[PDB]
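Bear in mind these aren't lab numbers, they're just calculated from the coordinates by the rules spelled out. Cβ placement follows ideal geometry from the backbone for every residue including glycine, while neighbour counts extend to all protein chains displayed.
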Amino acid sequence: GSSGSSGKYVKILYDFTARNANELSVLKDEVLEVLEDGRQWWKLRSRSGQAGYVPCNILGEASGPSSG
């Protein structure tokens with residue numbers, strides 16, 4: 001089952017079009033769920049239930065104004 005309920009996320013900076021399955025298709029101003037980090041390409045997962053790899057170049061730190 002679910003391990004953690006409170007982790008981290010990434011806010012897409014540039015709209016990316018997954019060239020293949022291995023890749024994930026995201027848009028700008030989007031927030032996916034980071035699964036694998038500290039690696040060449042991160043593995044995010046859309047709300048649709050899809051998971052792919054993308055460049056961290058477009059990735060960016062996601063933070064909120066009021067949320068401890």
Notebook entry, point to check: Quick one: of the DSSP bridges fully inside the chain, what percent are antiparallel, nearest 5?
Noted result: 90
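Can you sort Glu61, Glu36 by how many other beta carbons sit within 10 Å, fewest first? Working shown, then result.
Working: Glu61 8, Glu36 13.
By the 10 Å Cβ count, ascending, the order reads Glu61, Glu36.
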Note to self: Starting from the 7 Å offset along Cα-to-Cβ, what nm value, one decimal, do you get for the label separation of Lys28 and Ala51?
What the structure shows: 3.0
Next item on the list: For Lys11, list long-range residues whose amide hydrogen, built 1.01 Å from N in the peptide plane, is under 5 Å from its own amide hydrogen.
Entry: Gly60, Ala62
Item checked: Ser67-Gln40 FRET efficiency (beta carbon distance; Förster radius 22 Å; 0.05 resolution) -> 0.15
Note to self: Under 8 Å for C-alpha pairs, at least 6 residues apart: give me the relative contact order for the chain, rounded to a whole percent.
What the structure shows: 31
